[PDB]
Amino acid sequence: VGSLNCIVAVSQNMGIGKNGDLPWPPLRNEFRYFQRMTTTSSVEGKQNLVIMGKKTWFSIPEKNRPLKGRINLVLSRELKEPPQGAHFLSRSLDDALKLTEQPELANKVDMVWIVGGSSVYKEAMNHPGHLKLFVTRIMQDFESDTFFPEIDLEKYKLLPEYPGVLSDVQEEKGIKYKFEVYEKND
C-alpha cells in the first residue's frame, strides 16, 4: 500500500462544514482538484482508497457516490454493512488501515486518502508515521458548525512546492483560495 494522506478545504476560521454541506458555495475547480488528487494513482493496476466518516459519506451527493475510480471505505460503529454504493465499512481508523494489508486489498490499493470529517482527520493527524496534508485555504471566514483540527506546525512542514499543485491564488465565485501541502514523519 502507498502513502497516507489527508485532503480538506478549510476557511480562515477553520471551518469545513455547515448543516451537512460545505460552508461556502460550490467551487467547481476546487472540487475538481479534490477529484484529481484523490483519484490519480502513481501505480499500474492499482487505485487509491478513500476513508471517510459516515456523515461525510452522506454529505456527498448520491449521484456522485461512490467516488468513482476510488475504493470507498466508510467508518461507522452503528452501521452493520457498507452503505448503498460504498465498498467497505470499518469500525476504527486502525481497522481500516489494517484492512488495506489483507489479501483482498494489499495489491489493489496505491494511496490512502482520509477525506474527513473532523474526528478522523484529528486521529490521522496524530497517527505516528509519514503523512501528508493537502489543504485548500479558503481565504475568507464562513459560518461553520464543523471544524478542521489544529495543524501542529512543529511536525507538519509546509512544502515549498509540490508537482501538480498550483502555487498561485485561485478564485471562484469571488472567493480566493490557495493550495498547500504539508508533510510530517514521526
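Just so we're on the same page, rigid core means the largest C-alpha set that superposes within 1.5 Å between forms. Residue numbers run from 1 along the displayed sequence.
- [ ] Rigid core fitted first, then name the stretch among 68 to 76 and 99 to 107 whose C-alphas deviate most from the displayed form in 7 other deposited structures of this protein.
- [x] Looking at 99 to 107 and 68 to 76 in 7 other deposited structures of this protein, the bigger mover is 99 to 107.
- [ ] Return whichever of 131 to 139 and 56 to 64 has the greater mean Cα B factor according to the PDB record.
- [x] Mean C-alpha B-factor is greater for 56 to 64.
Open item on the list: Mean CA temperature factor from the deposited coordinates, higher in 24 to 32 or in 115 to 123?
Closed with: According to the entry, 24 to 32 carries the higher average C-alpha B-factor.
Open item on the list: Ranking the modelled residues of this chain by C-alpha B-factor as given in the entry, is residue 43 in the lowest, middle or highest third?
Closed with: Residue 43: CA B-factor falls in the highest third of its chain.
TODO: Would you please rank residue 18 by its C-alpha temperature factor against the other modelled residues of its chain and give the third it falls in: lowest, middle or highest?
DONE: For residue 18, whose C-alpha B-factor we compare with every modelled residue in the chain, the answer is the lowest third.
TODO: Report the third (lowest, middle or highest) to which the CA temperature factor of residue 185 belongs, ranking only the modelled residues of the same chain.
DONE: Top third by C-alpha B-factor.
Task: For residue 178, the third of its chain into which the C-alpha B factor falls - done: It falls in the bottom third of the chain.
- [ ] Select lowest, middle or highest to describe the third in which the CA B-factor of residue 86 falls within its chain in this entry.
- [x] Middle third of the chain for residue 86's C-alpha B-factor.
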